[PDB]
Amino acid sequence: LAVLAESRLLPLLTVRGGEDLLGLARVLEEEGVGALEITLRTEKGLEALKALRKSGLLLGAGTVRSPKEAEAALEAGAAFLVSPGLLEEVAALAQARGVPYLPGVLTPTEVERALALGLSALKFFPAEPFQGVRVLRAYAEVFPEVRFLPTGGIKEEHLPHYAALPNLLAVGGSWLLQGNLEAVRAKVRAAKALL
C-alpha cells in the first residue's frame, strides 16, 4: 500500500475506448502518482489492465463483484482489488493470492466486519453523498487503526477538507482523468497542492 500512501491520489479510470493508456501511465508516473484504478464496468477494463501490465503502475481493479471476477482481474494484471461494498469471498480470494483488497464500507458496523476479516485499509464509498469528510473525522477517533480511501463524487472543491484528516490512505476519483494529458498534469498537481 506504500505506493498509494506515497501517491496520496488514486485516479479512477473507466475505459470507453480511444484512451492513450501508456501516455497516461507515463504522465502519472512523472507527476508522482504510482497507482491507477481501472474500473470493471465493461469488458474494456480487463483489456486495459492487460495493456498497462508492464507500464510501471500499481494497477487496481475496481467494481469487483465476485471472486471469479477478482481472479480474472488479477490474471489481466491487477495488483490490488477494490469492491463497492464488503465481499467476504473476495477477501478470501485476495488473501489466498497474497494481494491487497480494499473493500468499500460506509457504516461503523461495516468497518468492524472488515476488520474481523483482517482488513484495515478500506475504501469509503460513495464518499461525497455520505458526507465523507465529517464521517471520516469521526472514524479517526474511534477506528484509529484504520486507513481509508474515500472515493465517490470527489472534486477539487472538496480536497482542502480531506487534507486535514489523519486517517487517509489516499483520495480516489475520476475527476483527475477528465481531459487531455495536459489537463491530467494540471489536475494532479492542483490536487496535491490542495491536499
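Note that residue numbering begins at 1 and tracks the sequence as displayed.
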query: Mean temperature factor over C-alpha atoms, higher-scoring stretch between 73 to 81 and 105 to 113; finding: 73 to 81
query: Per the entry, higher mean C-alpha B factor between 154 to 162 and 131 to 139; finding: 154 to 162
query: Chain-wide C-alpha B factor ranking for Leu176, given as lowest, middle or highest third; finding: middle
query: Lowest, middle or highest third - CA B-factor, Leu10; finding: lowest
query: Third assignment of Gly34 from its chain's C-alpha B-factors; finding: middle
query: Chain-wide C-alpha B factor ranking for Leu40, given as lowest, middle or highest third; finding: highest
query: Chain-relative CA temperature factor third for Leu149; finding: lowest
